[PDB]
Amino acid sequence: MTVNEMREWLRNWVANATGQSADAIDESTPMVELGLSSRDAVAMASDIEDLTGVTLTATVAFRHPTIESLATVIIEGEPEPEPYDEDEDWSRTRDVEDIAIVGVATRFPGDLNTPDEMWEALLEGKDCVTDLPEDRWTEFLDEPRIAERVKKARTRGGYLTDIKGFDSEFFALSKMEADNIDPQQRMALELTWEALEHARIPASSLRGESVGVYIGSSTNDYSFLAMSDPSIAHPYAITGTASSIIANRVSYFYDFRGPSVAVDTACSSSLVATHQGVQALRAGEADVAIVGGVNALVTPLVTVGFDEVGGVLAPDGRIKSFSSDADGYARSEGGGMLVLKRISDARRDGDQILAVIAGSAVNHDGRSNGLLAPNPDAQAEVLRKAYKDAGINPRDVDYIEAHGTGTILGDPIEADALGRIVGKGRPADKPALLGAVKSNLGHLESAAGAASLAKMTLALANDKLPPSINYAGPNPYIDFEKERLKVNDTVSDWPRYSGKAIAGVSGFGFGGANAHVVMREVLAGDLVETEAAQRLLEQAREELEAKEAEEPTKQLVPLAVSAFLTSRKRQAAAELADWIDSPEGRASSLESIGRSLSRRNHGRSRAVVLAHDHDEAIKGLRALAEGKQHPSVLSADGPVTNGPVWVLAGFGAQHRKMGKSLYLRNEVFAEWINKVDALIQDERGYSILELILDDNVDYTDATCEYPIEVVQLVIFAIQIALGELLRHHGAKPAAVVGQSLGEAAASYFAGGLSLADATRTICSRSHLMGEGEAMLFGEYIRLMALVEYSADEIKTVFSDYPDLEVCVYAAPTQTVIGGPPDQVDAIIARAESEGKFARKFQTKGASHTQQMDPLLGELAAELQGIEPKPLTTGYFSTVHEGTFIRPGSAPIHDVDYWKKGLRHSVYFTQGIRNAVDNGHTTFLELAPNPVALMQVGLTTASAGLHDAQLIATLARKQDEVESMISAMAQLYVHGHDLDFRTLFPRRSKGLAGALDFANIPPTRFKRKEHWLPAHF
Amino acid sequence: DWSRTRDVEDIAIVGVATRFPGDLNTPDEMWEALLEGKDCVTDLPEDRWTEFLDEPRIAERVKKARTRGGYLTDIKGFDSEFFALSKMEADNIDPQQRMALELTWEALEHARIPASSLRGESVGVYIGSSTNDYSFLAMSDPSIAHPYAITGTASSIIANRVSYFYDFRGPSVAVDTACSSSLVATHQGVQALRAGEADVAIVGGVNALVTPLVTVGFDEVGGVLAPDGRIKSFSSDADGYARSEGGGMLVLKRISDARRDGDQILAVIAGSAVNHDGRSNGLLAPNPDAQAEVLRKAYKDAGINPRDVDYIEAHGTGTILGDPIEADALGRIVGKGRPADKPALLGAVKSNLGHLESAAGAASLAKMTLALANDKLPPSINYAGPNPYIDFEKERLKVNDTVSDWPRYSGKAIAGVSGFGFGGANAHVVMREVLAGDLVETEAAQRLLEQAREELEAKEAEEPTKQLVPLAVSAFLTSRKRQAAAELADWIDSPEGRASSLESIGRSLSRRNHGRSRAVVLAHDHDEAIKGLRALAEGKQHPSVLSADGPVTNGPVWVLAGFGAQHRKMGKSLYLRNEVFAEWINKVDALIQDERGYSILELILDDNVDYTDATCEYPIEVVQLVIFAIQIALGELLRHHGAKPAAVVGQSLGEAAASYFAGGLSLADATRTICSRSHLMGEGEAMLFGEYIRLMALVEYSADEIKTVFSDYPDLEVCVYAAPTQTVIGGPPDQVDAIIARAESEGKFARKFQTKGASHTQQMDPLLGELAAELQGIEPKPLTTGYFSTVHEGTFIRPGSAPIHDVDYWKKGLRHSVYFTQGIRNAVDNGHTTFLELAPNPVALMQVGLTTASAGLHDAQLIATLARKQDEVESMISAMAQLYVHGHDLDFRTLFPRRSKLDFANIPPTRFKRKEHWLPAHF
């Protein structure tokens, strides 16, 4: 009895069981489809045995539902094991980069609103499916027809707890606008914030950047509520319920300038969105990608429809994936989102990489047996494409996060495809572990991919495999042993068949769109790639090691708190103070607390608490929580309009140990001193670093060979270093102004002269004043003095003394004048006649006077060769009568410019006032000691500005590291450019780094109820 | 530097389909309307929105709205039968899905790509759609609504249903950016094709105005819709826009693939970009900075300097504040550096059609594709004068309000297409025209060959041969196939048909879909075509028409017989008139020359070679080699056209060719088997004389009936089991001369052969030793196709089994009987019904016919290839046509190779039978 001899009785008996002719039966169709039931199958079980002897199992009598296949499988018997190419090359054909996952956000049933909550629930095997809440769908349960039809439906599923809540104020929306916004859009906004917070990327740092947004969704269900009254509906509903706006509104609010797209494949939407994000990042075209999906069950229309179809929804509402009692699924609402970057960028930016996406693929079923019928051939193809894209042999996969919808006919098809690709070649003792998060949460339609990706990311990061629940036993129509698969129904360790963890995530649309994403764990390989001056430096470090062992210095930690409103900023401070006082806060280092805050959003209203230990932090945060001003708290209700002005003064700002402490305790500051020292050594032939580190150098002729000359060079060096230290932290001036010696540094910071050429100007200017002073004696001397006269009032007082000339226009009521001593000793009395202020300087450099006439010739010679450049920032030139020079204008720093400044007066007060008229209010003083900030204060008050920001950098009798932190904190509080993250550089790799960050409280939202009132 | 930083390939546009207002249902119709400056905006049709105008509140609110726009003429129509949908299912399908199905068919037809050729292939589908408006109709009664509405009105299904129906296996996605959706969909298609991941891409967008809800909302906003409904783009009287419905679609390929496949390239997409406004001054406010950035990104992707652009197809919505913003961005990027005499020309198809919301990008791309293909610039209409807030001279822009030539500022035409969503998503696509550079990258035998060609040039100049053109007609139903034939006959009879070459008509048909029900009309001129198509239009069977109502279940069986199929000039004509056939003869000739040392091509081309001892030195030997050579060439000619056997069977000499076509032996090793077998029978015959001779004969006895007749004669043995009632036997002449009378006693049939090779007899015993020696070194391989071995008792061997063609196999076959009838019957039991005979003359098809009838098969397909007294080129065309008609693998496009760089005729397009499908709803 060969195949055909067995092929007609099958055609006979099936006719015997269906009353058709001998050969009317067709061998190219399942026998069950011919009106055949499974009841006769067991009746046929013996028939084949008594007639032949071979016994049909459920799996074999299922994978061969046709007659011709049935006839051969009995005669021959599953003789078609296809060979395995054990040597296939699974390497990448295109040179592409792996993608890093750095952030995860979750809204899933069961109140799983954080990755930590989700991980705990998964390890516990929590079942998040529940009955319909009493408060949901009430807009429809007020009509008996729909009410009784809904009551007849299944209606169990995964529901959210607060779907009507929304912080409209936080997202800057009016009540009428917020009432008309689909909850899908609300989830997208909230999840984006949470994901960036989880990734420790300040949202403010990404504004204007090329960030892509790809979100999947498949139902505009909130639209139906707006059609309750096709006249009362407000035009806000158009933007509130449009699918495209789900992504466009996220881009709008966060100021993302990358691609913004809404995808729809209806159960693989999140995976497909992840695919576009990965492809975008690989092709340039985007630097960060936000990928995810959302789903909301706002009306019962789709649920009732699926119930009407029949045999789709599980009666008890539990998805029993790959189980012998699988009987359908239940719908769920929620959302999830991931932050993606290229792995090199994440490594370069010091981001914690949770997992790596190696590759992905997308395809379609084609003409399957029906539109809604899955096709195993297409599923096998998408698996193959994904693993060729990832460059990973499927034999090495450890875990498959499956579609797993719990349908008794769909689960075998998924398992068949997996065995074709992932199971071939494996020994029976190395099976791919299998599971589905749909068993926990239900069928999150357009968020299933997001749920699956979130689960696997946490599994790889936390190094454990959570169980799949609702598993009574293997599905009879799946031979798991042959397919080399095993359902993980308990908490398990990663097998690591290849030495590293590898997972796959699958998602299949009901229309036939398939996707697969390949993930792996992050590896360790993904995180790689003068003579005498020394003596003073050596002793200085050793002299410091003794002063610290005897009494260690408590480090000053700046704590940054911010929000979009001052009211919320105070509340955030109060909640942070309580957490620090808590034992968890006490057990955390103050530097780790600061580091975590530095990576939070830096909003419009900012505040900084300068603290040394926990207690000072609490006592400062409490005061900030109230309106109590406190000296250890810097605060401001909003930003300033214009950028800062850097004031490069420095005449008279010398003291004994200026610059020493910062040089030893700051590498960036020390690096720039060394560069300036080298250049000065070339020009002059002596090292100023020797002068700085020495403690017996009082910068006086009693202890310096050329005090007039070295003082100017040292102060110049400090100005360059301080300015380049601020730039290291992200600070940049909006305009620059100098006073009689900072014009050299001012020219550098304004982009006019290079650092080398600027060093020549000061070097030449310094020593020429050195010999100029010595060469004269007696009556050829000129003195310098300060008087309480105004510029206009000098105009009518030099008739008394014609030799006198104005040197610096310090302030509206103060002016520096100089000339022969006989005309300066007396004019001090002339001022004292009217009870005015006067003072005589004790330095005889006599700059901006007639004494510089013999020096002008040499200055032109020594400066011949400097290359002026156009200006990159505003410039209030005091040489040119305090006028303003716009950025990008023609070069001005030619030799004639330097000749003029060393000869004529300094229009300091005019330049300042011009800056105030331009709207500038913040003035930053780069000097070893603030001597000009008091002068700038006078001009601003006179100009009608009694709240100017005057920021010092270093000061005698004050610690230097603390002074620079305080200066940088002030710039941050007023909204000026400053990367606060730079103040907390990572010192560990992340293994030993884990404790780099503290578990500070998360941003809190004030949710309000927003919904549409509707009926029928 | 505006050069490409990534090594990527340009994308070719090969097909366009259109549903646009004004009854613009073909690219040709659309082009005519554009050149005319047609205004396609109209008032609301009386039959639209009637589901809502039955309630006074909505009625008076709708009557207050603008409501003018671009509407379709038949939105309720749908050929549900063509797309295999039930009435209840078809009633619940959004018109957006209907457009997608219809446009895909039309685009592939315009591209001359048979839809059947793309089934199972990696084709991506990216369609932009932004509203689910048909869903609202289904909510009229939140209880009466049928579950079919879920699939009928879901956005994802707009693309998934297209993939399902056409069997596309690439990515299938629905995109939503709401006015740049079509452009964004085009972006994904381009990116997919560049990254592998897809071999063809279907990109487009659709939009339908099913309900008045969105229109009334936009009217409620105020200051958005134009009072008169005319979009006056970039004009001084711009006052808003009007909504429109429609769809469009493009077929995209990598340019190398289009060049390789011989597709007509209409235009080339060089690059594209997508970005977002960011925080603009309001969600609905366009941002010129972002628009400038997307232009820059697109032209860096395309590797083209924007200064060289000739034409910009702008968003151009006609808003008096939005048009200046668009012009500002264009001047920033596209206008900088241009002299005042070289301005970028500017226009907008929205002035013709209105604002096709998610189909605007499709409309714009279709316009520019036709403009580049047809080499003209159509005017932009509704232009009274420049907008006062735009300085066109400074921006270096000029509105094209008349038909114009391409300026070609760079020597070639370059255009840009822009699209901006109301949510802030921007896109730009850079296009250019196709260039000419995109379309590149024995001694004595000669004498007989020379004279043969010259002898033919004389026989053709005296009377040229009328070429036989096969005309292919098909459809999914036989009823529609007949209607298509009737319409095609009328077009051929028409003057336009008479003015078209018959080869061009055939070429066009060869690139149409090859459906389930197929028919071929073999014609020499127009008149025979008409007279044949008319008969096919009816049920009248006609000898010049091959037809079949459906496909066959199993693939063909190739029968490699050949004993007794020799005649004088076999293989000569085809060798001279078919290069592929000639190429394979030359390859076989070389191998035989190595094995034997003489060229059979000399034998073929010679006309005095009757394949007899009177004119051949070794007639027993050369005949087998020539027949073997023809079988290889014919089989490789069929494979050249896409034919492939499902199983193979041979008869006593085709086992050599059978082994080759089944994958068991290579062509070289197979040539050794026949070469060794041939000459060893050559000397074996000569070495014996007199009584040691064995004769061969045919008798009307059956295999079982021989079992009780060899008692009469023990020396006799069975050679070939020809048929159930016929058997070839051989032995000593005294036992064969008489047994013929023994058969004649019962009035049975008998015949004595006149060839004394005496194979499969005892005469081959001395030869078996040499055969093993000469064949030592052949490498058997597993089987790639089914194999009904006649050596092994006619049993079936499944593909992929262990090699069987070892020396012992060849020893057996040359010694023992041939189980031909058993092998045939086993094939019939496996379900095979088509039998193809590769031989110079059909001698075994009559034998196969007897076995099939005996097995209960009175409708078997028995196809001959060549026949004495019949033209050879025509015979092979007829053979290939028959395989096609029954559904077997055959690329009909190969029969019409492109000869030029008028190749195609303007045959009528596929016709649809539209029926009204809609939902009955109120309130």
# chains A, B, ... in the order shown; residues from 1 in each chain; ligands from 1
>>> interface_residues(of="chain A", to="chain B", cutoff="8 Å", atoms="only C-alpha atoms", output="NGL selection string")
:A and (4 or 145-146 or 149 or 208 or 218-220 or 224 or 227 or 230-231 or 234-235 or 238 or 242-245 or 248-249 or 251-266 or 301-302 or 305-306 or 308-309 or 361-368 or 371 or 378 or 511-513)
>>> residues_around(residues="residue 266 in chain B", least_positions_apart="6", cutoff="10 Å", atoms="only C-alpha atoms", output="JSON, numbers by chain")
{"B": [12, 13, 14, 15, 16, 111, 369, 370, 371, 372, 373, 374, 432, 433, 434]}
>>> residues_around(residues="residue 191 in chain A", least_positions_apart="3", cutoff="8 Å", atoms="only C-alpha atoms", output="list in words")
residues 105, 106, 107, 187, 188, 194, 195, 335, 336 and 337 of chain A
>>> write_last_selection(atoms="N, CA, C and O atoms", output="PDB file, in the first residue's frame")
ATOM      1  N   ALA A 105      11.271  54.738  29.131  1.00  0.00           N
ATOM      2  CA  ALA A 105      10.113  55.250  29.847  1.00  0.00           C
ATOM      3  C   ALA A 105       8.929  54.328  29.600  1.00  0.00           C
ATOM      4  O   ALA A 105       8.839  53.693  28.551  1.00  0.00           O
ATOM      5  N   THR A 106       8.022  54.249  30.575  1.00  0.00           N
ATOM      6  CA  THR A 106       6.957  53.249  30.556  1.00  0.00           C
ATOM      7  C   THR A 106       5.657  53.795  31.128  1.00  0.00           C
ATOM      8  O   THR A 106       5.658  54.412  32.191  1.00  0.00           O
ATOM      9  N   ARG A 107       4.560  53.575  30.406  1.00  0.00           N
ATOM     10  CA  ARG A 107       3.194  53.636  30.933  1.00  0.00           C
ATOM     11  C   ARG A 107       2.532  52.310  30.609  1.00  0.00           C
ATOM     12  O   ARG A 107       2.025  52.134  29.503  1.00  0.00           O
ATOM     13  N   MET A 187       0.621  61.034  26.363  1.00  0.00           N
ATOM     14  CA  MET A 187       1.620  60.035  26.716  1.00  0.00           C
ATOM     15  C   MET A 187       2.947  60.329  26.046  1.00  0.00           C
ATOM     16  O   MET A 187       4.003  60.210  26.671  1.00  0.00           O
ATOM     17  N   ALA A 188       2.914  60.726  24.778  1.00  0.00           N
ATOM     18  CA  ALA A 188       4.148  60.991  24.054  1.00  0.00           C
ATOM     19  C   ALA A 188       4.941  62.097  24.730  1.00  0.00           C
ATOM     20  O   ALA A 188       6.160  61.992  24.885  1.00  0.00           O
ATOM     21  N   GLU A 194      10.257  61.721  30.626  1.00  0.00           N
ATOM     22  CA  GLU A 194      10.738  60.695  31.537  1.00  0.00           C
ATOM     23  C   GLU A 194      11.927  59.945  30.965  1.00  0.00           C
ATOM     24  O   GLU A 194      12.858  59.602  31.698  1.00  0.00           O
ATOM     25  N   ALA A 195      11.904  59.648  29.668  1.00  0.00           N
ATOM     26  CA  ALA A 195      13.016  58.921  29.070  1.00  0.00           C
ATOM     27  C   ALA A 195      14.300  59.730  29.102  1.00  0.00           C
ATOM     28  O   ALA A 195      15.364  59.193  29.416  1.00  0.00           O
ATOM     29  N   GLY A 335       2.015  52.918  26.788  1.00  0.00           N
ATOM     30  CA  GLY A 335       3.037  53.445  25.914  1.00  0.00           C
ATOM     31  C   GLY A 335       4.405  53.236  26.511  1.00  0.00           C
ATOM     32  O   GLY A 335       4.552  53.004  27.711  1.00  0.00           O
ATOM     33  N   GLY A 336       5.408  53.332  25.652  1.00  0.00           N
ATOM     34  CA  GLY A 336       6.784  53.180  26.075  1.00  0.00           C
ATOM     35  C   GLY A 336       7.679  53.870  25.081  1.00  0.00           C
ATOM     36  O   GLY A 336       7.292  54.100  23.935  1.00  0.00           O
ATOM     37  N   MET A 337       8.876  54.227  25.532  1.00  0.00           N
ATOM     38  CA  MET A 337       9.753  54.968  24.646  1.00  0.00           C
ATOM     39  C   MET A 337      11.210  54.713  24.997  1.00  0.00           C
ATOM     40  O   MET A 337      11.551  54.498  26.158  1.00  0.00           O
TER      41      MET A 337
END
>>> select_by_dssp(residues="range 617-684 of chain B", states="strand (DSSP E)", output="JSON, numbers by chain")
{"B": [647, 648, 649, 650]}
>>> write_last_selection(atoms="C-alpha atoms", output="short mmCIF file (atom, residue, chain, number, x, y, z; two decimals), in the first residue's frame")
data_model
loop_
_atom_site.label_atom_id
_atom_site.label_comp_id
_atom_site.auth_asym_id
_atom_site.auth_seq_id
_atom_site.Cartn_x
_atom_site.Cartn_y
_atom_site.Cartn_z
CA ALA B 647 10.50 15.86 -13.60
CA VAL B 648 12.47 14.07 -16.29
CA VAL B 649 12.24 10.70 -18.03
CA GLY B 650 14.39 9.20 -20.76
#
>>> select_by_dssp(residues="range 611-835 of chain A", states="helix (DSSP H, G or I)", output="VMD selection string")
chain A and resid 614 to 625 660 to 665 667 to 683 688 to 693 707 to 728 743 to 749 755 to 774 778 to 780 791 to 794 821 to 833
>>> closest_residue(among="B:271, B:690, B:77, B:419", to="residue 296 in chain B", atoms="only C-alpha atoms")
B:271
>>> closest_residue(among="A:675, A:913, A:341, A:94", to="residue 353 in chain A", atoms="only C-alpha atoms")
A:341
>>> atom_distance(atom1="CA of residue 691 in chain A", atom2="CA of residue 714 in chain A")
8.2 Å
>>> residues_around(residues="residue 178 in chain A", least_positions_apart="6", cutoff="12 Å", atoms="only C-alpha atoms", output="list in words")
residues 164, 165, 166, 167, 168, 169, 170, 171, 172, 185, 186, 234, 236, 237, 239, 240, 241, 1007, 1008, 1009, 1010, 1011 and 1012 of chain A
>>> closest_residue(among="A:468, A:588, A:492, A:935", to="residue 613 in chain A", atoms="only C-alpha atoms")
A:588
>>> residues_around(residues="residue 607 in chain A", least_positions_apart="2", cutoff="7 Å", atoms="only C-alpha atoms", output="PyMOL selection string")
chain A and resi 560-562+609+634-636+973
>>> residues_around(residues="range 520-532 of chain A", least_positions_apart="6", cutoff="8 Å", atoms="only C-alpha atoms", output="MDAnalysis selection string")
chainID A and resid 343 347 353:358 460:461 500:503 687 690
>>> write_last_selection(atoms="N, CA, C and O atoms", output="PDB file, in the first residue's frame")
ATOM      1  N   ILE A 343      26.702  54.199  19.133  1.00  0.00           N
ATOM      2  CA  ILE A 343      27.457  53.729  20.287  1.00  0.00           C
ATOM      3  C   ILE A 343      28.702  54.575  20.512  1.00  0.00           C
ATOM      4  O   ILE A 343      29.119  54.787  21.654  1.00  0.00           O
ATOM      5  N   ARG A 347      29.542  56.522  23.988  1.00  0.00           N
ATOM      6  CA  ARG A 347      30.836  56.376  24.636  1.00  0.00           C
ATOM      7  C   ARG A 347      31.509  57.726  24.815  1.00  0.00           C
ATOM      8  O   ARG A 347      32.072  58.017  25.874  1.00  0.00           O
ATOM      9  N   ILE A 353      25.263  52.948  28.899  1.00  0.00           N
ATOM     10  CA  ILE A 353      24.637  52.164  27.846  1.00  0.00           C
ATOM     11  C   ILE A 353      23.927  50.990  28.495  1.00  0.00           C
ATOM     12  O   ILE A 353      24.561  50.150  29.139  1.00  0.00           O
ATOM     13  N   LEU A 354      22.608  50.941  28.349  1.00  0.00           N
ATOM     14  CA  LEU A 354      21.844  49.856  28.944  1.00  0.00           C
ATOM     15  C   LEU A 354      21.883  48.604  28.085  1.00  0.00           C
ATOM     16  O   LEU A 354      21.999  47.493  28.607  1.00  0.00           O
ATOM     17  N   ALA A 355      21.810  48.761  26.773  1.00  0.00           N
ATOM     18  CA  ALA A 355      21.845  47.629  25.863  1.00  0.00           C
ATOM     19  C   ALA A 355      22.231  48.153  24.496  1.00  0.00           C
ATOM     20  O   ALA A 355      22.323  49.359  24.282  1.00  0.00           O
ATOM     21  N   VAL A 356      22.455  47.234  23.570  1.00  0.00           N
ATOM     22  CA  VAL A 356      22.872  47.580  22.222  1.00  0.00           C
ATOM     23  C   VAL A 356      21.931  46.913  21.237  1.00  0.00           C
ATOM     24  O   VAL A 356      21.620  45.728  21.378  1.00  0.00           O
ATOM     25  N   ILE A 357      21.475  47.671  20.252  1.00  0.00           N
ATOM     26  CA  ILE A 357      20.714  47.130  19.136  1.00  0.00           C
ATOM     27  C   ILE A 357      21.687  46.849  18.006  1.00  0.00           C
ATOM     28  O   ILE A 357      22.336  47.763  17.496  1.00  0.00           O
ATOM     29  N   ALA A 358      21.791  45.586  17.612  1.00  0.00           N
ATOM     30  CA  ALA A 358      22.728  45.227  16.562  1.00  0.00           C
ATOM     31  C   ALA A 358      22.128  45.367  15.171  1.00  0.00           C
ATOM     32  O   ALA A 358      22.823  45.790  14.247  1.00  0.00           O
ATOM     33  N   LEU A 460      18.643  42.698  29.962  1.00  0.00           N
ATOM     34  CA  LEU A 460      20.064  42.706  29.648  1.00  0.00           C
ATOM     35  C   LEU A 460      20.847  43.560  30.631  1.00  0.00           C
ATOM     36  O   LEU A 460      21.960  43.202  31.024  1.00  0.00           O
ATOM     37  N   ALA A 461      20.282  44.695  31.036  1.00  0.00           N
ATOM     38  CA  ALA A 461      20.956  45.553  32.000  1.00  0.00           C
ATOM     39  C   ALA A 461      21.059  44.890  33.362  1.00  0.00           C
ATOM     40  O   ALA A 461      22.084  45.005  34.037  1.00  0.00           O
ATOM     41  N   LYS A 500      28.205  35.831  25.411  1.00  0.00           N
ATOM     42  CA  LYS A 500      27.550  37.098  25.673  1.00  0.00           C
ATOM     43  C   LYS A 500      26.065  36.941  25.402  1.00  0.00           C
ATOM     44  O   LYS A 500      25.650  36.088  24.618  1.00  0.00           O
ATOM     45  N   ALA A 501      25.269  37.764  26.067  1.00  0.00           N
ATOM     46  CA  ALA A 501      23.824  37.666  25.973  1.00  0.00           C
ATOM     47  C   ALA A 501      23.323  38.277  24.673  1.00  0.00           C
ATOM     48  O   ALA A 501      23.725  39.380  24.302  1.00  0.00           O
ATOM     49  N   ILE A 502      22.456  37.549  23.978  1.00  0.00           N
ATOM     50  CA  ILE A 502      21.857  37.997  22.726  1.00  0.00           C
ATOM     51  C   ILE A 502      20.380  37.652  22.751  1.00  0.00           C
ATOM     52  O   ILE A 502      20.010  36.534  23.115  1.00  0.00           O
ATOM     53  N   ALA A 503      19.535  38.606  22.382  1.00  0.00           N
ATOM     54  CA  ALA A 503      18.097  38.410  22.377  1.00  0.00           C
ATOM     55  C   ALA A 503      17.505  38.883  21.061  1.00  0.00           C
ATOM     56  O   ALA A 503      18.098  39.682  20.342  1.00  0.00           O
ATOM     57  N   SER A 687      60.839  83.143  32.893  1.00  0.00           N
ATOM     58  CA  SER A 687      59.596  82.422  33.110  1.00  0.00           C
ATOM     59  C   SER A 687      58.820  83.096  34.229  1.00  0.00           C
ATOM     60  O   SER A 687      59.337  83.262  35.338  1.00  0.00           O
ATOM     61  N   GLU A 690      57.870  80.928  37.473  1.00  0.00           N
ATOM     62  CA  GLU A 690      58.749  81.060  38.624  1.00  0.00           C
ATOM     63  C   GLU A 690      58.248  82.147  39.560  1.00  0.00           C
ATOM     64  O   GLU A 690      58.251  81.978  40.783  1.00  0.00           O
TER      65      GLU A 690
END
>>> residues_around(residues="residue 319 in chain A", least_positions_apart="5", cutoff="10 Å", atoms="only C-alpha atoms", output="list in words")
residues 127, 129, 157, 313, 314, 325, 326, 327, 328, 329, 330, 331, 404, 405, 406, 407, 436, 437, 438, 439, 440, 441, 442, 443, 469, 470 and 471 of chain A
>>> closest_residue(among="B:448, B:783, B:559, B:35", to="residue 823 in chain B", atoms="only C-alpha atoms")
B:559
>>> atom_distance(atom1="CA of residue 233 in chain B", atom2="CA of residue 317 in chain B")
6.1 Å
>>> atom_distance(atom1="CA of residue 793 in chain B", atom2="CA of residue 812 in chain B")
11.2 Å
